[PDB]
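Report on one structure; see the data block that follows.
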Amino acid sequence: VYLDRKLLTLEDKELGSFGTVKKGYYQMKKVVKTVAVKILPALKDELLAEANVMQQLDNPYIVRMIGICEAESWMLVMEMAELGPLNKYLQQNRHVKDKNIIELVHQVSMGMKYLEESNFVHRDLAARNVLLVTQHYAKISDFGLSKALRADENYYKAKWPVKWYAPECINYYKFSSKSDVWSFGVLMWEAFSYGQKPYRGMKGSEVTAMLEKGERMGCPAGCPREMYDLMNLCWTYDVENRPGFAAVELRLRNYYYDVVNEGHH
Ligand SMILES: CCc1cccc(Nc2cc(N[C@@H]3CCCC[C@@H]3N)nnc2C(N)=O)n1
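Counting with the authors' numbering, you get residues 363 to 379, 382 to 404, 411 to 528, 533 to 639 for the letters of the sequence shown.
Written out as structure tokens, the structure is:
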């Protein structure tokens, strides 16, 4: 898991901003692999906890960690998803078609169904934390808030991304894969809204209040009703009645095949 600083070449250009994300290349036994490197008391331990989660995960829809390096600062070295975060990608590429958006959100749901099966909670599932390897290949990243669930519990009991959080996170501090489903609803809303931020012009406290009145964000212009219906299902107030990701992924999987069919027609 511990990498050799010698074998890492980082570019001077920042990709963006814990600290910074830089692009780099890492010398493997034969190939060079292009990498995205997160570069940094509580912040070190957090980086290391994040690396500890990622070490445990192995799925085509989840960013792979190469390892960690302690050099100028602590660094978390991951495979590079070249096209970057989904929200910035859709803001910058408004021509992306709805069939392609469904593909990508379905890939996210396959990755989440895997995280659920593995009993990890992401706790920061948002379009900014979905990274594009290509325009047809999304992978989930950014595990800095993620928790491995205890063997005996199905929720983790705790500066939060409130607009992505389910009511029970806000009201009871409880985080389960069902609360990640709520977030995956907001992520879908983002995806079908050209990557715009949710609950425009509202503070978190007004969001919680909106949601407690049973109000939900409206359908994004041009969004398939079946996708908006699925967003609404993810935003089921009562955690016990909210679907898990197996149910979610099956719904998206079937809709995706329907759309692919209409396209061949
Ligand atoms: C910098 C924006 C940016 C542009 C291009 C690639 C990447 N790569 C990543 C960013 C990241 N986290 C950032 C952290 C800051 C906000 C955006 C994003 N969630 N996590 N993993 C990768 C990766 N493995 O390729 N990031």
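No residue lacks a Cβ here, since even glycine has one placed at the ideal position from N, Cα and C.
Helix, strand or coil: how does DSSP classify residue i here?
i	result
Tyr-389	strand
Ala-528	coil
Below 7 Å, is the gap between the Cβ of residue i and the nearest heavy atom of ligand 1?
i	result
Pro-455	yes
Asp-554	no
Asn-499	yes
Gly-378	yes
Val-447	no
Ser-550	no
residue 409	Not modelled: residue 409, which lies between 404 and 411, the two residues flanking a gap in the chain.
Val-613	no
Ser-511	yes
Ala-419	no
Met-450	yes
Per DSSP, what are the beta-bridge partners of residue i in this structure?
i	result
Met-448	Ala-400, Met-435
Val-491	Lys-517
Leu-502	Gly-454, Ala-508
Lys-548	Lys-527
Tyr-364	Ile-438
Mind checking which residues open and close the beta strand (DSSP E) that includes residue i?
i	result
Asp-374	370-378
Closer than 7 Å by C-beta to residue i: which residues in its own chain qualify, once you throw out the five before and the five after it? Chain order, please.
i	result
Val-423	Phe-490, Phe-513, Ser-516, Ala-518
What residue range does the alpha helix (DSSP H) around residue i cover?
i	result
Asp-415	412-425
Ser-579	578-586
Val-536	Unbroken run through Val-536: none, as it is neither H nor E.
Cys-608	599-608
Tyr-631	619-638
To which residues of the same chain is residue i closer than 6 Å at the C-beta, ignoring the five residues directly before and after it?
i	result
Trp-444	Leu-404, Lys-414, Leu-417
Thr-582	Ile-544
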